[PDB]
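Dropping coords-v5.cif in here (mmCIF, C-alpha atoms):
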```
data_work
#
loop_
_atom_site.label_atom_id
_atom_site.label_comp_id
_atom_site.auth_asym_id
_atom_site.auth_seq_id
_atom_site.Cartn_x
_atom_site.Cartn_y
_atom_site.Cartn_z
CA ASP O 16 -6.98 -7.06 16.45
CA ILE O 17 -7.07 -6.65 12.69
CA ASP O 18 -3.85 -4.60 12.47
CA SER O 19 -1.80 -7.45 13.93
CA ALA O 20 -3.58 -10.18 11.93
CA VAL O 21 -2.64 -9.09 8.38
CA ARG O 22 0.59 -8.40 6.49
CA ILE O 23 1.12 -7.02 2.96
CA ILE O 24 4.11 -8.04 0.80
CA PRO O 25 4.77 -5.83 -2.28
CA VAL O 26 6.22 -7.33 -5.44
CA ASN O 27 8.98 -5.35 -7.09
CA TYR O 28 9.39 -5.41 -10.87
CA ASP O 29 12.18 -4.33 -13.19
CA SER O 30 9.76 -3.82 -16.10
CA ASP O 31 6.03 -3.50 -16.72
CA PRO O 32 3.85 -6.12 -15.05
CA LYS O 33 2.30 -8.71 -17.35
CA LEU O 34 -1.30 -9.94 -17.43
CA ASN O 35 -1.83 -12.23 -14.46
CA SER O 36 1.31 -11.02 -12.60
CA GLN O 37 1.22 -10.68 -8.86
CA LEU O 38 1.52 -7.04 -7.73
CA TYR O 39 1.47 -7.76 -3.98
CA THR O 40 0.42 -10.58 -1.67
CA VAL O 41 -1.52 -10.65 1.60
CA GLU O 42 -1.06 -13.09 4.52
CA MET O 43 -3.31 -13.39 7.57
CA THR O 44 -4.18 -15.80 10.37
CA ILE O 45 -7.77 -15.68 11.52
CA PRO O 46 -8.15 -14.65 15.19
CA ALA O 47 -10.39 -16.65 17.48
CA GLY O 48 -13.91 -15.22 17.27
CA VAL O 49 -13.73 -14.29 13.57
CA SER O 50 -16.15 -16.25 11.38
CA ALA O 51 -15.88 -14.44 8.07
CA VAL O 52 -13.59 -12.14 6.10
CA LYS O 53 -14.08 -9.49 3.38
CA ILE O 54 -11.03 -8.53 1.33
CA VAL O 55 -11.57 -5.98 -1.44
CA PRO O 56 -9.56 -3.10 -2.95
CA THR O 57 -10.68 0.26 -1.73
CA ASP O 58 -12.75 2.13 -4.23
CA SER O 59 -13.26 -0.92 -6.50
CA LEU O 60 -15.39 -1.16 -9.64
CA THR O 61 -17.17 -4.25 -10.94
CA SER O 62 -15.87 -5.76 -14.15
CA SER O 63 -16.39 -9.34 -15.35
CA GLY O 64 -17.85 -10.27 -11.96
CA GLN O 65 -14.79 -8.98 -10.08
CA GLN O 66 -13.97 -6.02 -7.86
CA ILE O 67 -11.17 -4.22 -9.71
CA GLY O 68 -8.87 -1.94 -7.71
CA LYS O 69 -6.15 0.47 -8.80
CA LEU O 70 -2.54 1.05 -7.79
CA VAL O 71 -1.74 4.62 -8.84
CA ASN O 72 1.74 5.99 -9.57
CA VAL O 73 2.48 8.23 -6.58
CA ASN O 74 4.20 10.80 -8.85
CA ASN O 75 1.99 10.67 -11.94
CA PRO O 76 -1.75 10.30 -11.29
CA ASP O 77 -2.48 9.40 -14.95
CA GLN O 78 -0.62 6.07 -14.65
CA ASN O 79 -2.30 3.21 -12.83
CA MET O 80 -2.58 -0.58 -12.64
CA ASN O 81 -5.86 -2.48 -12.41
CA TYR O 82 -6.06 -5.69 -10.35
CA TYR O 83 -8.29 -8.14 -8.52
CA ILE O 84 -7.76 -10.27 -5.38
CA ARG O 85 -7.31 -14.07 -5.72
CA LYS O 86 -7.26 -16.43 -2.71
CA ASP O 87 -4.16 -18.63 -2.83
CA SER O 88 -4.57 -20.65 0.39
CA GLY O 89 -6.99 -21.27 3.25
CA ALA O 90 -10.35 -23.10 3.23
CA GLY O 91 -13.57 -21.42 2.12
CA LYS O 92 -15.93 -20.24 -0.61
CA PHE O 93 -14.10 -17.17 -2.08
CA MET O 94 -14.61 -16.33 -5.77
CA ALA O 95 -11.71 -14.29 -7.16
CA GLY O 96 -12.51 -10.61 -6.93
CA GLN O 97 -15.66 -10.96 -4.80
CA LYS O 98 -17.04 -8.07 -2.71
CA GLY O 99 -18.80 -10.09 -0.07
CA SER O 100 -17.51 -11.72 3.06
CA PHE O 101 -16.86 -15.47 3.13
CA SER O 102 -16.72 -17.94 6.02
CA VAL O 103 -13.23 -18.86 7.29
CA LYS O 104 -11.63 -21.25 9.79
CA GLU O 105 -10.32 -19.66 12.96
CA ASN O 106 -6.64 -20.11 13.87
CA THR O 107 -5.72 -20.98 10.32
CA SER O 108 -3.80 -19.03 7.77
CA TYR O 109 -4.97 -17.45 4.49
CA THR O 110 -3.01 -15.99 1.60
CA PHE O 111 -4.19 -13.80 -1.26
CA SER O 112 -2.60 -12.22 -4.33
CA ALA O 113 -3.30 -8.97 -6.24
CA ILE O 114 -3.46 -10.01 -9.90
CA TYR O 115 -2.74 -7.49 -12.70
CA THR O 116 -5.49 -7.18 -15.31
CA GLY O 117 -4.52 -4.05 -17.28
CA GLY O 118 -4.20 -0.33 -16.68
CA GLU O 119 -3.65 3.20 -17.92
CA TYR O 120 -0.23 4.16 -19.22
CA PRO O 121 1.27 6.18 -22.07
CA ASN O 122 2.56 4.51 -25.22
CA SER O 123 6.02 4.09 -23.71
CA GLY O 124 4.61 2.00 -20.86
CA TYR O 125 4.77 2.55 -17.11
CA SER O 126 7.18 4.99 -15.51
CA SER O 127 9.62 3.81 -12.85
CA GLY O 128 8.24 4.41 -9.34
CA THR O 129 5.84 3.23 -6.67
CA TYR O 130 2.20 2.39 -7.49
CA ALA O 131 0.05 2.57 -4.35
CA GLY O 132 -3.48 2.15 -3.05
CA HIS O 133 -5.46 0.65 -0.18
CA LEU O 134 -7.01 -2.73 0.52
CA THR O 135 -10.09 -3.10 2.75
CA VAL O 136 -10.04 -6.12 5.06
CA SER O 137 -13.00 -6.66 7.37
CA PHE O 138 -13.63 -9.32 10.03
CA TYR O 139 -17.12 -10.53 11.04
CA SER O 140 -18.76 -12.66 13.68
CA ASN O 141 -21.89 -14.59 12.75
CA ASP O 142 -23.92 -15.24 15.80
CA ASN O 143 -27.23 -16.91 15.34
CA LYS O 144 -27.97 -15.80 11.73
CA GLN O 145 -26.73 -12.23 12.27
CA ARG O 146 -23.50 -11.17 10.60
CA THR O 147 -21.79 -8.42 12.52
CA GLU O 148 -18.69 -6.51 11.42
CA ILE O 149 -16.28 -6.53 14.29
CA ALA O 150 -13.15 -4.93 12.76
CA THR O 151 -12.10 -3.25 9.52
CA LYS O 152 -8.96 -1.55 8.19
CA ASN O 153 -7.89 -0.01 4.90
CA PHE O 154 -4.28 -1.26 4.61
CA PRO O 155 -1.78 0.65 2.46
CA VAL O 156 -0.57 -1.56 -0.40
CA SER O 157 1.95 -1.07 -3.22
CA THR O 158 3.99 -2.46 -6.05
CA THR O 159 7.10 -0.91 -7.62
CA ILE O 160 8.85 -0.69 -10.97
CA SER O 161 12.56 0.01 -10.49
#
```
Represent the supplied structure as structure tokens.
Amino acid sequence: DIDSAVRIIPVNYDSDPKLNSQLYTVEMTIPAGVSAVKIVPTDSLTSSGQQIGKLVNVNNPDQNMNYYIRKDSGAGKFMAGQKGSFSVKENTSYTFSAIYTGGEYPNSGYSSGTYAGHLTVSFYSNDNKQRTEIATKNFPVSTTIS
């Protein structure tokens, strides 16, 4: 059950995020039977070897924040921003962070409001050299500027 395995925790800011700031975090425990995980922003683009996603101001489509996903705990071979799945340990917990890398905003900076998007998480089994996707969900994610 992927819905019950994953939680998203937005970060709320009182001013514009800074380079390397965390926009939201992700926590999950791997269910029994899951061998690998993919975690990638929806609609990402490759830049500097990373899958860059956007959080878009829900009121003003011209304002958005770029970010990549960094793994902050849990064993396995995950390169920050990667698109592929990586092998995980069942019944153990993983945490990830959305890390700000830049964005589109007018000269006055970001407007107050919610900046939203989606994050794809997929679970796989790997049975005898065949990787099989067994669950996937595009989770709503956000950050806010007060």
Practice task
Select, from O:111, O:28, O:130, O:154, the residue with the minimum atom-to-atom distance to residue 43 in chain O, counting all atoms listed in the file.
Solution key: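 When distances to residue 43 in chain O are compared using all atoms listed in the file, the smallest one comes from O:111.
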Practice task
Enter the distance from CA of residue 37 in chain O to CA of residue 55 in chain O, in Å, rounded to one decimal.
Solution key: 15.5 Å
Got a sec: who's within 7 Å of range 16-24 of chain O, counting all atoms listed in the file, leaving out chain neighbours fewer than 5 positions off, as a PDB file with C-alpha atoms, keeping the file's coordinate frame?
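The file below, result_25.pdb, is the result:
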```
ATOM      1  CA  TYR O  39       1.470  -7.760  -3.980  1.00  0.00           C
ATOM      2  CA  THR O  40       0.420 -10.580  -1.670  1.00  0.00           C
ATOM      3  CA  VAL O  41      -1.520 -10.650   1.600  1.00  0.00           C
ATOM      4  CA  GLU O  42      -1.060 -13.090   4.520  1.00  0.00           C
ATOM      5  CA  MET O  43      -3.310 -13.390   7.570  1.00  0.00           C
ATOM      6  CA  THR O  44      -4.180 -15.800  10.370  1.00  0.00           C
ATOM      7  CA  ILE O  45      -7.770 -15.680  11.520  1.00  0.00           C
ATOM      8  CA  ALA O 150     -13.150  -4.930  12.760  1.00  0.00           C
ATOM      9  CA  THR O 151     -12.100  -3.250   9.520  1.00  0.00           C
ATOM     10  CA  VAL O 156      -0.570  -1.560  -0.400  1.00  0.00           C
TER      11      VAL O 156
END
```
Handout entry: Between CA of residue 68 in chain O and CA of residue 105 in chain O, distance in Å (one decimal)
Key =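 Going from CA of residue 68 in chain O over to CA of residue 105 in chain O covers 27.3 Å.
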Completion exercise
Using only C-alpha atoms, the best pick from O:85, O:53, O:33, O:133 as closest to residue 148 in chain O would be O:53
Exercise for the section: Go through the shown structure with the PyMOL selection byres ((chain O and resi 97) around 12) and write out the matching residues as a ChimeraX atom specification. Expected result: /O:52-56,59-68,83-86,92-96,98-101
Handout entry: Test item: the PyMOL selection byres ((chain O and resi 161) around 9) resolved as number ranges by chain
Key = O: 27-30, 126-129, 159-160
Exercise for the section: On this file, the PyMOL selection byres ((chain O and resi 140) around 6) gives some set of residues; write that set as a PyMOL selection string. Expected result: chain O and resi 49-50+139+141+146-147
Got time to write the residues from that selection, C-alpha atoms, as a compact mmCIF listing (two decimals), keeping the file's coordinate frame?
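Saved result, out_21.txt, follows:
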```txt
# COMPACT_ATOMS: atom_id res chain seq x y z
CA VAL O 49 -13.73 -14.29 13.57
CA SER O 50 -16.15 -16.25 11.38
CA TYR O 139 -17.12 -10.53 11.04
CA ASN O 141 -21.89 -14.59 12.75
CA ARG O 146 -23.50 -11.17 10.60
CA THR O 147 -21.79 -8.42 12.52
```
Completion exercise
In terms of only C-alpha atoms, the residue from O:153, O:137, O:88, O:81 at minimal distance from residue 113 in chain O is O:81
Just range 16-43 of chain O from the block, N, CA, C and O atoms, as a PDB file, in the first residue's frame, could you?
```pdb
ATOM      1  N   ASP O  16       0.802  -1.217   0.000  1.00  0.00           N
ATOM      2  CA  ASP O  16       0.000   0.000   0.000  1.00  0.00           C
ATOM      3  C   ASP O  16       0.839   1.273   0.000  1.00  0.00           C
ATOM      4  O   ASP O  16       1.265   1.745   1.049  1.00  0.00           O
ATOM      5  N   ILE O  17       1.043   1.849  -1.174  1.00  0.00           N
ATOM      6  CA  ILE O  17       1.927   3.007  -1.246  1.00  0.00           C
ATOM      7  C   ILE O  17       1.355   4.259  -0.544  1.00  0.00           C
ATOM      8  O   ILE O  17       2.097   5.025   0.090  1.00  0.00           O
ATOM      9  N   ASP O  18       0.046   4.441  -0.593  1.00  0.00           N
ATOM     10  CA  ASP O  18      -0.570   5.597   0.050  1.00  0.00           C
ATOM     11  C   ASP O  18      -0.246   5.662   1.536  1.00  0.00           C
ATOM     12  O   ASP O  18       0.007   6.746   2.073  1.00  0.00           O
ATOM     13  N   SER O  19      -0.299   4.517   2.214  1.00  0.00           N
ATOM     14  CA  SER O  19      -0.046   4.475   3.644  1.00  0.00           C
ATOM     15  C   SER O  19       1.442   4.449   3.999  1.00  0.00           C
ATOM     16  O   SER O  19       1.796   4.608   5.157  1.00  0.00           O
ATOM     17  N   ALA O  20       2.320   4.237   3.024  1.00  0.00           N
ATOM     18  CA  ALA O  20       3.743   4.090   3.316  1.00  0.00           C
ATOM     19  C   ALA O  20       4.492   5.411   3.408  1.00  0.00           C
ATOM     20  O   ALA O  20       5.556   5.456   4.024  1.00  0.00           O
ATOM     21  N   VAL O  21       4.033   6.462   2.790  1.00  0.00           N
ATOM     22  CA  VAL O  21       4.689   7.725   2.537  1.00  0.00           C
ATOM     23  C   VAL O  21       3.954   8.892   3.154  1.00  0.00           C
ATOM     24  O   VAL O  21       2.729   8.974   3.083  1.00  0.00           O
ATOM     25  N   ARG O  22       4.703   9.831   3.748  1.00  0.00           N
ATOM     26  CA  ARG O  22       4.160  11.100   4.196  1.00  0.00           C
ATOM     27  C   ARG O  22       5.040  12.247   3.665  1.00  0.00           C
ATOM     28  O   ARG O  22       6.266  12.127   3.558  1.00  0.00           O
ATOM     29  N   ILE O  23       4.397  13.377   3.382  1.00  0.00           N
ATOM     30  CA  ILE O  23       5.022  14.614   2.932  1.00  0.00           C
ATOM     31  C   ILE O  23       4.880  15.663   4.041  1.00  0.00           C
ATOM     32  O   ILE O  23       3.808  15.789   4.658  1.00  0.00           O
ATOM     33  N   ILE O  24       5.961  16.405   4.292  1.00  0.00           N
ATOM     34  CA  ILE O  24       5.992  17.449   5.319  1.00  0.00           C
ATOM     35  C   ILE O  24       6.454  18.764   4.675  1.00  0.00           C
ATOM     36  O   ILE O  24       7.645  18.952   4.414  1.00  0.00           O
ATOM     37  N   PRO O  25       5.520  19.682   4.358  1.00  0.00           N
ATOM     38  CA  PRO O  25       5.930  20.986   3.801  1.00  0.00           C
ATOM     39  C   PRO O  25       6.763  21.796   4.777  1.00  0.00           C
ATOM     40  O   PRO O  25       6.554  21.695   5.985  1.00  0.00           O
ATOM     41  N   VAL O  26       7.667  22.613   4.237  1.00  0.00           N
ATOM     42  CA  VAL O  26       8.373  23.627   5.004  1.00  0.00           C
ATOM     43  C   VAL O  26       7.748  24.977   4.676  1.00  0.00           C
ATOM     44  O   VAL O  26       7.421  25.286   3.519  1.00  0.00           O
ATOM     45  N   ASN O  27       7.554  25.758   5.725  1.00  0.00           N
ATOM     46  CA  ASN O  27       6.925  27.054   5.618  1.00  0.00           C
ATOM     47  C   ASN O  27       7.979  28.123   5.885  1.00  0.00           C
ATOM     48  O   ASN O  27       8.732  28.042   6.862  1.00  0.00           O
ATOM     49  N   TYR O  28       8.051  29.095   4.980  1.00  0.00           N
ATOM     50  CA  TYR O  28       9.029  30.167   5.024  1.00  0.00           C
ATOM     51  C   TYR O  28       8.373  31.511   5.249  1.00  0.00           C
ATOM     52  O   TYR O  28       7.234  31.713   4.857  1.00  0.00           O
ATOM     53  N   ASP O  29       9.090  32.432   5.873  1.00  0.00           N
ATOM     54  CA  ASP O  29       8.623  33.800   6.007  1.00  0.00           C
ATOM     55  C   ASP O  29       9.240  34.727   4.965  1.00  0.00           C
ATOM     56  O   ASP O  29       8.871  35.892   4.892  1.00  0.00           O
ATOM     57  N   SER O  30      10.177  34.220   4.177  1.00  0.00           N
ATOM     58  CA  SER O  30      10.793  34.986   3.100  1.00  0.00           C
ATOM     59  C   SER O  30      11.245  34.017   2.027  1.00  0.00           C
ATOM     60  O   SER O  30      11.052  32.817   2.166  1.00  0.00           O
ATOM     61  N   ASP O  31      11.863  34.516   0.964  1.00  0.00           N
ATOM     62  CA  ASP O  31      12.221  33.653  -0.161  1.00  0.00           C
ATOM     63  C   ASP O  31      13.182  32.553   0.255  1.00  0.00           C
ATOM     64  O   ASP O  31      14.128  32.800   0.984  1.00  0.00           O
ATOM     65  N   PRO O  32      12.944  31.324  -0.204  1.00  0.00           N
ATOM     66  CA  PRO O  32      13.927  30.265   0.057  1.00  0.00           C
ATOM     67  C   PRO O  32      15.297  30.618  -0.501  1.00  0.00           C
ATOM     68  O   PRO O  32      15.399  31.308  -1.512  1.00  0.00           O
ATOM     69  N   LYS O  33      16.320  30.182   0.159  1.00  0.00           N
ATOM     70  CA  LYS O  33      17.714  30.285  -0.254  1.00  0.00           C
ATOM     71  C   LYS O  33      18.263  29.035  -0.940  1.00  0.00           C
ATOM     72  O   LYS O  33      17.723  27.955  -0.750  1.00  0.00           O
ATOM     73  N   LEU O  34      19.296  29.193  -1.775  1.00  0.00           N
ATOM     74  CA  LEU O  34      19.915  28.035  -2.380  1.00  0.00           C
ATOM     75  C   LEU O  34      20.176  27.009  -1.293  1.00  0.00           C
ATOM     76  O   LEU O  34      20.653  27.336  -0.200  1.00  0.00           O
ATOM     77  N   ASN O  35      19.809  25.774  -1.605  1.00  0.00           N
ATOM     78  CA  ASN O  35      20.042  24.623  -0.745  1.00  0.00           C
ATOM     79  C   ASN O  35      19.039  24.484   0.398  1.00  0.00           C
ATOM     80  O   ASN O  35      19.139  23.543   1.184  1.00  0.00           O
ATOM     81  N   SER O  36      18.050  25.329   0.518  1.00  0.00           N
ATOM     82  CA  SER O  36      16.974  25.256   1.476  1.00  0.00           C
ATOM     83  C   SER O  36      16.048  24.100   1.201  1.00  0.00           C
ATOM     84  O   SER O  36      15.819  23.751   0.049  1.00  0.00           O
ATOM     85  N   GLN O  37      15.530  23.519   2.279  1.00  0.00           N
ATOM     86  CA  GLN O  37      14.575  22.446   2.148  1.00  0.00           C
ATOM     87  C   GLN O  37      13.174  23.007   1.966  1.00  0.00           C
ATOM     88  O   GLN O  37      12.671  23.779   2.791  1.00  0.00           O
ATOM     89  N   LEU O  38      12.497  22.602   0.891  1.00  0.00           N
ATOM     90  CA  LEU O  38      11.143  23.068   0.586  1.00  0.00           C
ATOM     91  C   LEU O  38      10.067  22.167   1.200  1.00  0.00           C
ATOM     92  O   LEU O  38       8.997  22.658   1.597  1.00  0.00           O
ATOM     93  N   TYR O  39      10.335  20.870   1.238  1.00  0.00           N
ATOM     94  CA  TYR O  39       9.496  19.880   1.896  1.00  0.00           C
ATOM     95  C   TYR O  39      10.370  18.662   2.171  1.00  0.00           C
ATOM     96  O   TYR O  39      11.458  18.530   1.591  1.00  0.00           O
ATOM     97  N   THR O  40       9.889  17.779   3.031  1.00  0.00           N
ATOM     98  CA  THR O  40      10.580  16.512   3.271  1.00  0.00           C
ATOM     99  C   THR O  40       9.581  15.367   3.054  1.00  0.00           C
ATOM    100  O   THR O  40       8.344  15.566   2.987  1.00  0.00           O
ATOM    101  N   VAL O  41      10.138  14.177   2.900  1.00  0.00           N
ATOM    102  CA  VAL O  41       9.398  12.955   2.609  1.00  0.00           C
ATOM    103  C   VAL O  41       9.896  11.884   3.575  1.00  0.00           C
ATOM    104  O   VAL O  41      11.118  11.713   3.743  1.00  0.00           O
ATOM    105  N   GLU O  42       8.972  11.158   4.203  1.00  0.00           N
ATOM    106  CA  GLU O  42       9.324  10.045   5.090  1.00  0.00           C
ATOM    107  C   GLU O  42       8.553   8.819   4.651  1.00  0.00           C
ATOM    108  O   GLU O  42       7.369   8.908   4.320  1.00  0.00           O
ATOM    109  N   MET O  43       9.211   7.663   4.638  1.00  0.00           N
ATOM    110  CA  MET O  43       8.549   6.413   4.265  1.00  0.00           C
ATOM    111  C   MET O  43       9.176   5.222   4.966  1.00  0.00           C
ATOM    112  O   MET O  43      10.345   5.221   5.290  1.00  0.00           O
TER     113      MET O  43
END
```
